[PDB]
There are 2 protein chains.
Amino acid sequence: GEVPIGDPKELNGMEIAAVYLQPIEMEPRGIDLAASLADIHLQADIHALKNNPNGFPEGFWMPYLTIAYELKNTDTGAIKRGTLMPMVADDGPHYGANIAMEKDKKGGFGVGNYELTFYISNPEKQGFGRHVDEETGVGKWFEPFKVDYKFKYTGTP
Amino acid sequence: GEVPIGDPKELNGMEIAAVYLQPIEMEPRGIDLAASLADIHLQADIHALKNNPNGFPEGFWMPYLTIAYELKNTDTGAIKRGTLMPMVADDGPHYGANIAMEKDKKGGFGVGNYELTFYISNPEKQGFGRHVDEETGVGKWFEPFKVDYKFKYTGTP
Ligand SMILES: [Cu+2]
Ligand SMILES: [Cu+2]
């Protein structure tokens, strides 16, 4: 099952929500941390708001974003970071990564209170274009930004 | 303004339509042929159908596809090849490219009868991931395939 992380944020034309669930199995193999080595799949759910200023229809998935995460256990002080990769599951596309929590050898990533940050950059960083003509053009992309959430990690689903 | 190319195809859980319009100014500069040097913008509209076998909800843009094209004037024999690149306009994301027709340097790309082929590969070729576990996984991706259109080019819209 999915566990929502905090409240979603609306900014820069997008609704940005965080969820975690049980480790998943992703193809192609060898990119994402193997399910066997993980305790959660962390997921960023990011879709266009109404009147998205970059032309994305409401509710469309926001593609080609560059997304990193920072996860901090505030009880122990442990911090880890990584990237969320684009992929598709039965409920649609998202950005995600399997993460070791209890299993992390370094330790300190167990049940407890957590702060999560997403660091997001616009699709142009990956070569995604935008029309700028009068007839069909759209507005400028957002500058790099972050969003912050707090949640209680209750253990690997 | 917008000119439909042949008839849409419905394969591999996607609707695959082709259109052309006037040349467009796109950012970032340099990725694509400058509108100055082009006569059309060639565009592929590819969205998920109902019950898409790869987890995309109905109507969602299909992202991370590799779309090569081959455009042949069957009257003159002129042939040119390229790739459509992902981008967004005020009505949503698509894959497109500016193309010189009357302005082409070798010539033979004027008004007349044309054959257009799209060579399409699945998102995994660009590293887009897919859940395969039982609870959240989706079906395998289509093998690379081609779609063919026949149309009359009447000049820049
Ligand atoms: Cu995932
Ligand atoms: Cu375009």
Side-chain angles (χ1 to χ4, degrees), chain A residues 9 11-18 26 28 31-32 42-49 52-69 82-89 91-97 118-132 136-147, chain B residues 14 24 26-32 41 43-48 52 54-57 59-68 83-97 120-131 141:
Chain A
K9 304 293 192 164
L11 60 175
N12 298 333
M14 303 173 284
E15 175 171 37
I16 311 170
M26 198 200 74
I31 307 320
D32 189 47
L42 178 65
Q43 180 168 324
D45 285 322
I46 308 181
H47 304 84
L49 305 161
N52 174 275
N54 307 112
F56 280 86
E58 183 196 7
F60 267 36
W61 184 58
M62 301 295 305
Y64 296 89
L65 294 170
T66 295
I67 307 206
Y69 76 84
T83 59
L84 299 181
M85 301 157 296
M87 64 186 81
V88 72
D91 294 335
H94 63 253
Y95 300 89
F118 290 157
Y119 292 96
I120 300 164
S121 282
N122 75 46
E124 183 166 309
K125 223 173 163 272
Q126 303 182 11
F128 190 89
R130 65 176 178 108
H131 290 205
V132 297
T136 70
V138 306
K140 296 176 115 185
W141 286 114
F142 54 86
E143 295 283 293
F145 71 97
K146 57 168 189 192
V147 290
Chain B
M14 312 177 289
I24 57 95
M26 187 198 98
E27 292 222 348
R29 184 184 61 80
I31 286 198
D32 198 24
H41 195 65
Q43 176 174 319
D45 290 315
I46 307 179
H47 298 83
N52 170 271
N54 307 117
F56 282 83
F60 268 34
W61 184 56
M62 301 301 299
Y64 301 92
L65 298 173
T66 299
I67 306 176
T83 59
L84 302 184
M85 298 300 292
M87 66 189 78
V88 67
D90 59 4
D91 66 332
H94 66 247
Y95 301 89
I120 303 169
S121 297
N122 70 48
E124 191 166 318
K125 194 172 174 78
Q126 294 179 207
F128 186 84
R130 149 180 100 91
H131 292 204
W141 278 118

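Just the heavy atoms: all of them, side chains too, but no hydrogens, waters or symmetry mates, feed the values below. We name chains A, B, ... by the order of the sequence lines, and we start the count at 1 in each one.
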_One pair to check against side-chain contact (heavy atoms from CB on, under 4.5 Å): A:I16 and A:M62. What are the steps and the verdict?_
CA-CA 10 Å; A:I16 311 170; A:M62 301 295 305; over 6 Å; no
Do any N or O atoms from the side chain of [X] and from the backbone of [Y] form a donor-acceptor pair under 3.5 angstrom?
X: A:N12; Y: A:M14; value: no
X: A:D45; Y: A:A18; value: no
X: A:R130; Y: A:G139; value: yes
X: A:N122; Y: A:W141; value: no
X: A:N54; Y: A:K140; value: yes

Kindly give the heavy-atom pair with the smallest separation between [X] and [Y], and that separation in Å.
X: A:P63; Y: A:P123; value: O-CG, 3.6 Å
X: A:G59; Y: A:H47; value: O-CD2, 3.4 Å
X: A:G92; Y: B:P57; value: CA-CD, 4.0 Å
X: B:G129; Y: A:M26; value: CA-SD, 3.9 Å
X: B:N52; Y: B:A48; value: CB-CB, 4.2 Å

For the rings on [X] and [Y], is their centre-to-centre separation under 6.0 Å?
X: B:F60; Y: A:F60; value: yes
X: B:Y64; Y: A:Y64; value: yes
X: B:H94; Y: A:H131; value: yes

*Verdict with reasoning, A:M85 to A:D32, per side-chain contact (heavy atoms from CB on, under 4.5 Å)*: CA-CA 8 Å; A:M85 301 157 296; A:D32 189 47; 3.2 Å; yes
*Run the numbers on A:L84 and A:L42 for side-chain contact (heavy atoms from CB on, under 4.5 Å), then give the verdict.*
CA-CA 8 Å; A:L84 299 181; A:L42 178 65; 4.3 Å; yes
*For B:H41 and B:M87, run side-chain contact (heavy atoms from CB on, under 4.5 Å): C-alpha distance rounded to whole Å, both residues' side-chain angles, the deciding distance at 0.1 Å, then the answer.*
CA-CA 12 Å; B:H41 195 65; B:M87 66 189 78; 3.6 Å; yes
*Measure the spacing between OG1 of A:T66 and NZ of A:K125 and express it to the nearest 0.5 Å.*
5.0 Å
*Measuring from B:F128:CZ to B:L65:CG, what's the distance to the nearest 0.5 Å?*
9.5 Å
*Just wondering, do B:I67 and B:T83 contact through their side chains at under 4.5 Å, heavy atoms?*
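In short, these two side chains do not touch, never coming nearer than 4.5 Å.
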*Would you check if A:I120 and A:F142 make a side-chain contact, meaning some heavy-atom pair closer than 4.5 Å?*
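SC-SC contact between A:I120 and A:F142 confirmed.
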*Relative to the ring of B:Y95, is the ring of B:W61 parallel (under 30°), tilted (30 to 60°) or perpendicular (over 60°)?*
tilted
